[PDB]
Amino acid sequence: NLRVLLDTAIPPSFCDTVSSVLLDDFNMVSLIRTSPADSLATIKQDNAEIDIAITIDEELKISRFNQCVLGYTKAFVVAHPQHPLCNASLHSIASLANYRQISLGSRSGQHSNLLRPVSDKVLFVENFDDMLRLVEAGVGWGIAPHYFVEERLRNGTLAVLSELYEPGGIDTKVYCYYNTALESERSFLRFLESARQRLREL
């Protein structure tokens, strides 16, 4: 029945709040995980047959796909505590651009405005695990979800760099892209309503 793509920037709790609400309406449900850099390329494939996509990546007029804001989540710009960016005030994007960025690569090679690397010096990886291993080791800087960097910010294994830019983290819209068939279904609007209502309350 319902193929649902979830993106790895969506928090585990955010998934289970999405998971549960679907259980109340649908019986059969497939959950699929991708990088945020591959999420919108995945749904665009016809042969993938994906009904819903919950991701942070953004686009305007998509073929056969509606769009809505499901809620918000936080990302943090991070680096090793002894990395030169820490021992320094960080007022611009062009200050970060002097140093190397560890970004997610896509299978296509291109990125959206939101996910395109902001640096001249760039090193691509395929998941946030790989990204943070490099960053922990002192190689570059990266932007990653709160849940991926939470434990290490308490440990002092990483430092936050984005805190004068946007205190509390970099607020990020979580979109829901959905197949146009799902416009009508009362079960889907219920899903939307109860997903949102609960995602606010986290």
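Numbering starts at 1 and follows the sequence shown.
- Just going by the entry, 40-48 versus 161-169 on mean CA temperature factor gives the higher value to 40-48.
- The deposited model assigns a higher average Cα B-factor to 24-32 than to the other stretch when 141-149 and 24-32 are compared.
- The entry lists C-alpha B-factors for 77, 115, 90, 132, and the highest of these is at 90.
- Sort the modelled residues of the chain by CA B factor and residue 202 lands in the highest third.
- Sort the chain's modelled residues by C-alpha temperature factor and residue 55 lands in the lowest third, per the entry.
- Among all modelled residues in this chain, the alpha-carbon of residue 119 has a temperature factor (C-alpha) in the middle third.
- Residue 84 sits in the highest third of its chain by CA B factor, as recorded in the PDB entry.
- Sorting the modelled residues of the chain by their CA temperature factor places residue 106 in the middle third.
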